[PDB]
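> Just the structure for this:
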Amino acid sequence: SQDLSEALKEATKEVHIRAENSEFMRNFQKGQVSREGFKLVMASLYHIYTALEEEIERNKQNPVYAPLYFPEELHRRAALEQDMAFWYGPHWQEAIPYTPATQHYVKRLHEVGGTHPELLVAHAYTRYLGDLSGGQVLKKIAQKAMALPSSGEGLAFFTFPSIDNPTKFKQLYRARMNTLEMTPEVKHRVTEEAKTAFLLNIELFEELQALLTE
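Residues are numbered from 1 along each chain as shown. The protein structure is shown below:
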């Protein structure tokens, strides 16, 4: 559609349906989240958000991304560091795994922020708007499925202290996204990269499930 927010939504209709019907998320949905499986995804997500936000900060002052710059609200490297401490222990940095699918994801994020920063909007959109929508239910499920503390340790990733009204913030993010001055050619490339970003997540979920069965 005209609006970029409306355009990305219609382009990522199919891949999103695949994402939430992929083996691992499919169980996760219905209270079926193994702790070893949960340890695996969060460790993989650590590497992604570390890389992603590293490239966001690099291009924080660039008109192709600047309107979507929310370090207090959305940046999640902090939260994931706290979770890896909880799940993996004191010496978590060395204990944590770095799967091929995660490397493939990280590699693309660095490629994008480095040489194609105009497409960085695609990757933030795929991750952050997912954490504020799809992720908010999965925090409820995970906490009960694994019997975590009432404080919220281990699920710091899903906790957004600088967001009081994520339903309102999601609208604000979309509005800021539509502000981005770009040609229809680049716009198409963004929505195309959005599908690539989803694919990287689907292939991640499908890999970790395979690793969990072994």
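> Contacts only, for the most centrally placed residue in the chain.
Nearest to the geometric centre of the chain sits residue 127, at 2.7 Å (Cα atoms, centre = their mean). Counting by Cβ atoms under 8 Å, 6 or more residues apart in numbering, residue 127 touches 48-49, 52, 197. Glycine gets a C-beta too; all of them are placed from N, C-alpha and C.
> Can you tell me how far it is from residue 181?
23 Å (Cβ to Cβ, to the nearest Å).
> Which other helices and strands does the helix ranked longest in the chain contact?
Longest helix in the chain, counting residues (DSSP state H): helix 184-213. Secondary-structure packing of helix 184-213 (3 or more Cβ pairs under 8 Å, 6 or more residues apart in numbering; DSSP states H and E): helix 4-11, helix 13-19, helix 23-29, helix 35-58, helix 100-115, helix 120-131.
> if you set the cut-off to 6 Å instead, what comes out?
Contact partners of helix 184-213 among helices and strands, from 3 or more Cβ pairs under 6 Å, 6 or more residues apart in numbering; DSSP states H and E: helix 4-11, helix 13-19, helix 23-29, helix 100-115, helix 120-131.
> okay, the angle between the fourth one and helix 35-58?
For the pair helix 100-115 and helix 35-58, the angle between their directions (axes from the mean of the first three to the mean of the last three Cα atoms, to 10 degrees) equals 10 degrees.
> And the first one, by the same measure?
For helix 4-11 and helix 35-58, the angle between their directions (the same axes, to 10 degrees) works out to 140 degrees.
> just to revisit the earlier point, so which of the contacts of residue 127 wins on neighbours?
Within these, most neighbours by other Cβ atoms under 10 Å means residue 52, with 27 neighbours.
> Okay, that residue and residue 108: tell me how far apart.
Counting by Cβ to Cβ - residue 52 and residue 108 are separated by 10 Å.
> Give the residues shared as contacts by these two.
The contact sets of residue 52 and residue 108 do not overlap (Cβ atoms under 6 Å, 6 or more residues apart in numbering).
> check contacts around the residue nearest to residue 58 when sequence neighbours are not counted.
Closest residue in space to residue 58, ignoring its immediate chain neighbours: residue 113 at 5.7 Å, by Cβ to Cβ, 6 or more residues apart in numbering. Contact partners of residue 113, counting by Cβ under 6 Å, 6+ apart, are 55, 58-59, 120.
> Can you tell me which of these is nearest residue 77?
Checking those against residue 77 by Cβ to Cβ gives residue 55 as the nearest, at 11.8 Å.
> Leaving out sequence neighbours, find the closest residue to the closest one.
According to Cβ to Cβ, 6+ apart, the nearest residue to residue 55 is residue 113 (2.5 Å).
> measure the one you found to residue 136 for me?
27 Å.
> try residue 76
From residue 76 to residue 136 the distance is 14 Å (Cβ to Cβ).
> In terms of neighbours, single out the busier of these two.
residue 76 (23 against 14).
> Surely that one is in contact with residue 51?
No - Residue 76 is beyond contact range of residue 51, at 11.8 Å (criterion: Cβ atoms under 6 Å).
> wait, what's in contact with residue 35?
Residue 35 touches residue 146, counting by Cβ under 6 Å, 6+ apart.
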